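Novice: One structure follows; several queries about it will come next.
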Ligand code: CLA
Ligand code: CLA
Ligand code: CLA
Ligand code: CLA
Ligand code: CLA
Ligand code: CLA
Ligand SMILES: C=Cc1c(C)c2cc3nc(c4c5[nH]c(cc6nc(cc1[nH]2)C(C)=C6CC)c(C)c5C(=O)[C@@H]4C(=O)OC)[C@@H](CCC(=O)OC/C=C(\C)CCC[C@H](C)CCC[C@H](C)CCCC(C)C)[C@@H]3C
Ligand SMILES: CC1=C(/C=C/C(C)=C/C=C/C(C)=C/C=C/C=C(C)/C=C/C=C(C)/C=C/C2=C(C)CCCC2(C)C)C(C)(C)CCC1
Ligand SMILES: CC1=C(/C=C/C(C)=C/C=C/C(C)=C/C=C/C=C(C)/C=C/C=C(C)/C=C/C2=C(C)CCCC2(C)C)C(C)(C)CCC1
Ligand code: OEC
Ligand SMILES: [Fe+3]
């Protein structure tokens with residue numbers, strides 16, 4: 001009998017949120033991550049990323065400012081293994097081998113995953129379509145790609161992606177010096193998806209703003225809104241479709257509102273869809289292009305193509321990434 | 001102290017959350 | 001364009017003979033070698049003067065022209 | 001600035017006689033190098049033993065001498081430690097070790113010669129680079 | 001710490017049975033806003 | 001142009017389509033097998049060219065000697081042809097059933113082939129296809145025990161095709177693999193070391209498939225099952241859809257970390273193989289320069305070559321410390337209690353071991369779209385890309401999109417039940 | 001004779017050629033041809049040392065139009081420029097193209113915002129779009145003019161190509177640690193925020209569309225009288241409110257805010273660059289550096305990065321900057337052990 | 001209907017050069033050394 005009274009609670013509106021079966025995991029999970037994570041950033045002790053005995057400490061108390069960094073990746077020794085708290089000894093240990101990293105990550109992904117489920121489930125209790133579930137799927141998938149797949153493809157969570165601002169940058173740099181991304185279509189479409197969204201989110205909102213109902217209670221001293229009850233909605237779509245059409249050409253402009261908003265959710269999502277793949281594909285070593293040589297068979301004199309000066313920089317960095325943690329000549333992972 | 005200041009400005013950004021999400025002005029159809 | 005000349009035969013007729021006439025006209029632009037001399041884009045024969053391990057650079061703002069020539073006389 | 005005869009006028013034996021290769025050959029040299037070498041000898045640098053290269057100068061100091069073709073040919077058939085005291089056939093490609101380096105099974109005298117030629121003409125073209133990878137390092 | 005490991009698993013599975021048994025649930029099942037088929 | 005969605009209910013046309021795309025899958029099987037034995041050159045590392053099925057065919061130890069490319073050429077031509085013709089045998093079928101006429105009104109037919117929303121008939125159709133897998137699975141078993149063996153990469157010498165005897169049929173062992181941590185080296189399905197486990201692990205499936213195929217045949221789903229699941233046609237795709245995704249992942253990761261199943265000899269060396277291979281390659285090199293491996297002290301104080309693993313054994317040091325879980329036929333003989341024996345190392349190390357290290361270490365799975373071999377910085381004079389990176393890469397991709405599919409079609413089954421249709 | 005032209009010219013045809021139509025098309029055409037021409041036919045190794053076009057065989061990516069030589073400073077070397085002396089072929093050899101493209105192309109951008117103003121006073125719409133467009137124009141001048149001006153010459157300006165741009169990126173990372181600049185950070189904020197909006201807005205709509213609006217149940221219809229439009233704000237609101245926690249529901253704000261994020265961002269980013277033009281950067285944290293030198297057992301990601309940079313700089317500057325003629329002996333180069 | 005600035009010029013101004021290049025480029029792909 002009780003069991004029935006509980007479910008009804010979870011299922012409908014609670015005057016704050018909606019916490020369905022999906023948030024039954026999402027809420028306790030994302031909490032453990034938050035708390036742990038906030039504290040790790042304010043006091044975590046140094047952590048030696050690559051097994052080496054050279055601890056890096058990117059926490060507030062240990063001499064950092066916000067940009068300087070945060071929660072550092074597990075050791076390269078525990079690298080790919082499961083490192084819970086119970087599994088170790090003293091926390092002085094745990095804290096050194098990157099525990100916080102794993103703990104925070106895994107809870108976050110799981111609850112991150114469920115935050116997505118929750119999005120759909122709310123749709124089922126409100127009779128609306130299931131799309132928002134899909135558009136979130138892009139970044140989520142990406143987080144996983146960066147936080148999981150790679151360390152899974154590489155052989156150790158260490159060098160997953162630090163939880164600091166600064167290290168984000170590091171991960172990036174090291175990354176293209178090791179796999180050369182810039183020249184990979186999936187990260188190229190990525191810049192397309194993003195620079196896309198920028199150009200469109202500006203375009204739409206720009207036009208939507210220019211073709212407004214010029215005459216609705218808007219004077220030069222006041223500006224007050226609309227509300228669903230408002231039939232004609234805010235703008236004269238004929239003015240916008242007319243505007244844009246006259247700036248380039250008829251086809252160029254969009255006739256109806258579906259093709260407009262569908263585009264807005266299509267471009268970005270399918271751009272990151274790919275990028276998130278990009279990484280996941282270079283997680284197992286299928287690195288970007290690399291046109292290192294173009295010649296003059298005349299003598300075979302090598303001619304440097306713009307791309308070689310790209311390899312000249314990619315080079316300097318390879319050489320010094322993870323200084324003194326290499327004992328053999330060629331990195332293989 | 002370089003610290004408390006990054007913390008201080010932190011607690012506010014969370015205090016602002018609570019207050020924004022739980023004490024916001026109503027979105028009503030009374031219109 | 002709803003397909004306007006896109007359907008008629010005149011459009012194909014006047015281009016079937018026009019477009020493949022530029023397609024070729026261009027091709028011969030490269031086979032003949034005008035590109036190189038009109039644009040001055042050295043050919044594999046002329047990058048390095050056999051055993052001239054240096055890269056032609058440009059130094060003087062006013063002698064660009066006489067400089068460049070100094071480089072073409074060399075290769076010859 | 002084209003590929004010239006002199007360029008291909010490479011030393012053939014220790015004393016002083018030389019042979020001038022051709023266009024056809026040169027190219028087969030690469031194709032072969034890439035076939036059973038590059039993998040381990042990319043751009044003329046040992047991956048397995050970085051302190052030993054394939055530059056011309058370092059080959060002359062070998063035992064027996066290797067700045068010429070006959071020497072390389074000998075090496076490809078049967079291997080010789082930089083000093084010439086060990087038989088490294090159970091370790092390095094050798095027509096005598098076909099049974100273990102299948103890529104070698106097909107090879108022929110003509111191909112060794114060409115491969116050898118590729119290794120001696122390259123440096124005249126690439127220079128420092130082919131050595132320790134300058135452009136490459 | 002072995003005491004900790006145990007405590008966790010209880011907690012975790014606890015909220016699992018609430019996910020699982022929350023769906024198979026004969027009571028709430030798959031009840032929507034537009035149509036209830038029971 | 002949801003054309004394929006107009007077909008939803010006219011099962012008479014789906015058969016025409018399902019059996020049309022079912023014809024492509026087999027077509028590819030021939031077009032690729034023949035394309036491969038085409039470009040294929042004998043005695044050159046299968047994987048240094050760019051093959052994928054043949055390696056599968058030699059996996060089943062269909063045509064090979066101790067880790068020797070192929071002694072018998074033919075075995076592949078059979079496969080190339082068969083599947084290429086099965087593509088017509090079905091192309092005919094798919095086309096016909098697609099164009100000559102719909103279904104469901106044939107009385108004797110509806111008795112043999114029913115429709116949707118009918119739990120008892122869907123169930124029955126399901127079990128059917130289950131009786132088929134129960135078989136194909138068991139056939140694999142046949143091909144290892146009473147037929148031309150299977151390729152065991154393990155003990156001894158070269159591990160050519162070998163026939164198995166009394167597969168690990170213990171009830172415990174088989175599901176133990178299911179109950180083990182999917183972390184650090186131990187992935188439930190991937191942990192499979194002994195080839196005999198694999199055989200026995202197939203016997204149980206078939207018995208389980210069949211025992212199930214028949215089960216639903218005779219039984220219609222219970223209440224709990226009825227009130228959890230929906231029954232729209234689109235919804236059964238959502239079930240099946242997401243199932244395949246998981247697996248895409250499954251196999252992908254399964255691909256990168258080899259179990260005897262994927263003998264690294266055809267497929268190439270494992271991401272870790274290369275690294276661990278590079279450590280071993282250099283112990284020897286310096287060992288030959290008289291370097292003492294036990295007292296080595298790398299700039300870190302961890303010894304260049306040897307260090308420990310958290311549980312205290314010996315492992316090659318260097319970043320390759322994260323792959324001490326790695327196990328293969330070459331590195332094992334030096335393995336013993338407490339980790340690697342410092343005494344077998346410098347005393348009992350055969351030459352053929354340096355070879356494998358060097359080869360693998362040399363063909364690192366690392367590659368780019370230009371098929372450039374090695375580090376992102378190398379020169380374009382070396383072509384290679386470990387099959388594994390190809391399988392892992394492409395297949396990951398599909399397992400992802402496909403999941404996007406589990407979301408799209410399953411969320412649309414919520415719109416049929418009452419939402420938007 | 002005037003007004004007539006006004007009309008003939010401003011006549012509503014397929015492709016609107018307004019008063020601005022005169023700047024826009026001659027410039028935006030030549031700026032395109034200029035690229036495509038050199039891209040396919042010119043070499044820039046007399047001026048840069050690398051391969052510029054297809055004529056030498058670069059892939060699309062590799063091919064580009066390279067910047068003039070550093071020896072020339074900011075002399076706009078136009079065809080009749082005292083330096084080219086009217087000889088076209090050389091005017092190209094020297095890179096006189098870059099200047100071409102940037103100048104004509106600068107005006108095409110001028111024309112395009114002008115054409116955006118015209119159309120708004122003919123149709124009677126708001127000028128807003130024309131204003132949103134300033135961001136890119138800022139970014140452009142910021143980048144291709146201001147920056148090269150502040151520095152040694154035209155050479156250092158981005159190069160007109162694909163890879164030639166990636167190289168730009170990296171260049172910045174090494175000598176400027178542009179990633180640490182806060183301005184690029186905000187810029188990085190709006191661009192990613194533009195795409196975040198573009199998804200939620202577009203998905204929310206599409207998914208909150210009115211039920212049964214189409215019996216067939218696909219969604220390819222509308223009309224003018226369809227005043228109410230195809231979806232609910234009331235449901236979205238509650239959707240968000242209960243999932244994310246917040247949701248200002250007032251369509252007019254939603255769209256404007258969508259102007260603020262992207263555009264507000266690029267202006268910063270452009271500011272950030274006017275700064276680097278003067279080698280004025282955010283490349284250092286005195287506080288850290290100090291304790292970084294008095295103590296060797298202390299390291300943060302801040303530091304690890306500064307190391308990569310020097311690697312970028314040492315290895316990449318002698319081939320990348322031919323004019324100073326850097327000679328760097330193997331030993332000298334910074335280098336981690338074993339690599 | 002007639003020939004006009006808009007329709008007419010626009011198209012050939014962009015569209016004609018293209019095939020000249022595509023023609024030139026097509027020629028490139030076969031060149032040696
Ligand atoms: C100022 C000129 C300029 C130009 C023209 C480009 C152009 C480009 N850049 Mg570069 N860039 C520039 C400056 C420039 N950049 C600067 C200053 C920097 C900083 C140093 C960069 C940094 C940069 C990076 C880091 C990257 C690029 C990339 C790209 C490519 C991106 C493709 C894309 O999706 O874009 C976004 C735009 C869109 C998605 C839409 C453009 C509009 C199209 C053409 C409309 C098509 C519509 C059709 C005609 C009509 C249909 C009608 C409809 C009704 C049906 C593109 C070729 C990326 C790449 O992939 O490189 C190869 C990449 O990764 N750029
Ligand atoms: C199990 C297999 C499967 C099946 C049988 C279906 C079946 C169906 N889907 Mg679903 N889908 C699937 C998986 C599947 N899907 C997956 C994994 C995803 C996630 C990506 C989707 C996403 C999806 C969406 C988003 C939609 C559908 C829709 C539909 C219906 C579409 C009818 C149609 O218009 O097709 C037309 C199909 C196409 C034009 C195909 C485009 C394919 C890409 C562009 C090709 C890429 C190839 C590339 C060129 C190759 C390069 C070469 C390579 C060597 C490198 C149909 C019921 C539609 C619907 O409304 O459902 C009711 C719809 O909108 N599906
Ligand atoms: C995966 C592959 C695939 C498959 C199997 C189908 C299958 C089908 N589609 Mg779909 N479709 C697809 C992809 C696919 N589609 C994609 C990607 C799109 C988006 C572009 C569409 C868009 C679409 C639309 C818009 C429509 C369909 C329709 C149909 C049905 C047509 C039946 C018919 O008789 O047509 C007529 C048949 C022909 C013209 C004959 C084709 C003959 C083939 C090529 C012969 C091959 C040779 C043969 C094997 C030789 C055998 C010889 C023997 C000796 C061995 C059919 C079930 C239609 C429908 O309404 O269905 C309900 C429809 O209107 N589809
Ligand atoms: C996915 C697997 C698959 C499946 C499940 C099926 C399933 C089926 N197939 Mg298909 N098939 C497949 C693959 C598959 N096929 C492939 C790959 C091929 C190509 C090799 C074919 C080729 C194929 C053919 C050629 C035929 C079928 C038929 C059938 C149906 C047979 C049932 C039966 O009892 O027939 C037993 C047969 C009968 C009861 C025949 C009765 C004869 C009719 C009524 C005569 C009408 C003539 C009359 C005198 C006219 C008077 C007119 C007046 C104006 C003079 C069944 C639905 C048959 C069918 O659909 O026909 C009923 C059929 O003929 N299949
Ligand atoms: C082809 C695949 C297949 C499919 C789609 C189904 C589908 C179904 N089965 Mg059937 N089943 C199968 C195979 C299959 N079965 C086999 C092979 C057997 C023999 C053991 C059975 C035995 C069986 C029984 C005894 C019963 C069902 C029941 C059901 C229904 C259950 C409702 C439900 O899912 O509740 C929710 C589901 C769960 C809580 C289970 C989640 C399980 C995960 C996803 C899979 C774990 C798989 C395993 C670890 C992998 C093997 C690894 C290998 C290395 C050994 C459903 C229609 C019930 C029924 O229809 O009642 C009359 C029922 O009582 N099935
Ligand atoms: C071929 C066999 C194989 C397969 C199929 C997998 C599969 C998987 N691996 Mg494993 N792996 C393998 C071999 C394999 N691995 C090997 C050999 C190694 C040795 C190095 C590893 C090392 C490894 C690591 C280091 C990691 C993985 C992870 C993962 C998961 C990633 C997807 C995800 O985010 O799920 C999210 C979860 C689901 C979709 C749940 C499916 C189960 C049912 C249907 C739902 C239960 C619902 C409830 C809410 C959750 C309870 C979960 C419980 C743990 C608390 C996936 C299940 C990652 C992970 O997240 O660990 C588990 C990870 O970090 N693997
Ligand atoms: C990848 C980067 C990016 C590109 C390529 C891009 C492109 C474009 N944006 C336009 C518009 C806009 N973009 C807008 C906001 C944004 N646009 C953004 C980012 C981009 N926008 C961002 C981030 C925003 C947010 C602020 C707005 C608000 C608008 C418009 O109103 C307008 C439009 O109508 O929308 C579609 C179009 C203007 C055409 C024109 O004025 O020609 C005139 C000038 C020309 C042709 C050349 C000038 C010369 C320049 C220097 C040369 C460029 C030549 C290249 C180097 C050669 C080709 C190179 C290849 C690699 C592609 C054009 C398609
Ligand atoms: C798109 C589409 C579709 C589909 C289609 C399909 C699905 C198809 C299929 C097809 C198929 C499935 C096919 C197959 C084919 C095959 C063939 C055509 C074969 C051939 C062969 C031969 C010729 C042989 C070979 C050989 C041998 C065996 C031996 C040696 C030599 C040789 C090489 C000669 C449909 C209708 C639905 C609708 C519309 C659209
Ligand atoms: C310099 C000059 C001039 C002239 C010139 C011009 C103006 C030009 C132009 C030119 C041009 C204008 C050119 C062009 C070319 C082009 C090309 C060659 C193209 C191609 C393309 C393609 C191949 C495409 C494709 C695709 C696909 C397939 C898919 C995806 C998408 C796309 C679309 C990308 C004058 C006398 C005035 C004076 C000054 C100087
Ligand atoms: Mn974090 O990292 Ca994949 O590259 Mn080589 O191995 Mn370790 O060095 Mn860097
Ligand atoms: Fe909108």
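Indices start at 1 and increase along the chain as displayed.
For all residues, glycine too, the Cβ spot is worked out from N, Cα and C.
Pulled the feature table from Swiss-Prot, pasting it below:
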type	residues	note
TRANSMEM	G:19-40	transmembrane segment
TOPO_DOM	G:41-95	topological domain 'Lumenal'
TRANSMEM	G:96-118	transmembrane segment
BINDING	G:104	chlorophyll a ChlzD2 binding site
BINDING	G:116, G:129	pheophytin a binding site
TOPO_DOM	G:119-127	topological domain 'Cytoplasmic'
TRANSMEM	G:128-147	transmembrane segment
TOPO_DOM	G:148-180	topological domain 'Lumenal'
TRANSMEM	G:181-204	transmembrane segment
TOPO_DOM	G:205-252	topological domain 'Cytoplasmic'
TRANSMEM	G:253-275	transmembrane segment
TOPO_DOM	G:276-339	topological domain 'Lumenal'
Novice: What stretch, picked from G:96-118, G:128-147, G:253-275, has the most CB pairs under 8 A with the transmembrane segment (G:181-204)?
Specialist: G:253-275
Novice: Please compare the binding-site residues G:116, G:129 by how many other CB atoms fall within 10 Å of each one's CB, and tell me which has the fewest.
Specialist: G:116
Novice: Summarise the topological domain 'Lumenal' (G:276-339) by DSSP state, stating how many residues are helix, strand and coil.
Specialist: 33 helix, 0 strand, 31 coil
Novice: Within its own chain, what residues at least 6 apart in sequence put their Cβ under 8 Å from the Cβ of the residue listed as 'chlorophyll a ChlzD2 binding site', listed in sequence order?
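Specialist: The list for the residue listed as 'chlorophyll a ChlzD2 binding site' reads G:26, G:27, G:28, G:30, G:31, G:34, given in order along the sequence.
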Novice: Using a Cβ cut-off of under 8 Å to chain A, which of the binding-site residues G:104, G:116, G:129 qualify?
Specialist: G:116, G:129
Novice: By Cβ distance under 8 Å, which residues at least 6 away from the ends of the topological domain 'Cytoplasmic' (G:119-127) in the same chain are close to it?
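Specialist: Distal contacts: 10, 16, 18.
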Novice: Using DSSP, what is the helix/strand/coil residue split across the topological domain 'Cytoplasmic' (G:119-127)?
Specialist: 4 helix, 0 strand, 5 coil
Novice: For the transmembrane segment (G:128-147), give me same-chain residues lying six or more residues beyond its boundaries with a C-beta closer than 8 angstroms to one of its C-beta atoms, as numbers and ranges.
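Specialist: The answer is 102, 106, 109, 112-113, 116-117, 120, 156-158, 259, 262-263, 265-267, 269-271, 273-274, 276-277.
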Novice: Just give the helix, strand and coil counts over the topological domain 'Lumenal' (G:148-180), going by DSSP.
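Specialist: The counts are 19 helix, 2 strand, 12 coil.
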Novice: Per DSSP, what is the residue tally for the topological domain 'Lumenal' (G:41-95) in helix, strand and coil?
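Specialist: Helix/strand/coil tally for the topological domain 'Lumenal' (G:41-95): 10 helix, 3 strand, 42 coil.
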Novice: Which residues, given as numbers and ranges, are at least 6 beyond the ends of the topological domain 'Lumenal' (G:148-180) yet have a Cβ under 8 Å from it?
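Specialist: That would be 35, 39, 48, 60-74, 95, 98-99, 101-102, 272, 276-279, 281-283, 305-306, 309-310, 312-313, 316, 320, 323.
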Novice: Would you list the DSSP helix, strand and coil counts for the residues of the topological domain 'Cytoplasmic' (G:205-252)?
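Specialist: For the topological domain 'Cytoplasmic' (G:205-252), the helix, strand and coil counts are 16 helix, 2 strand, 30 coil.
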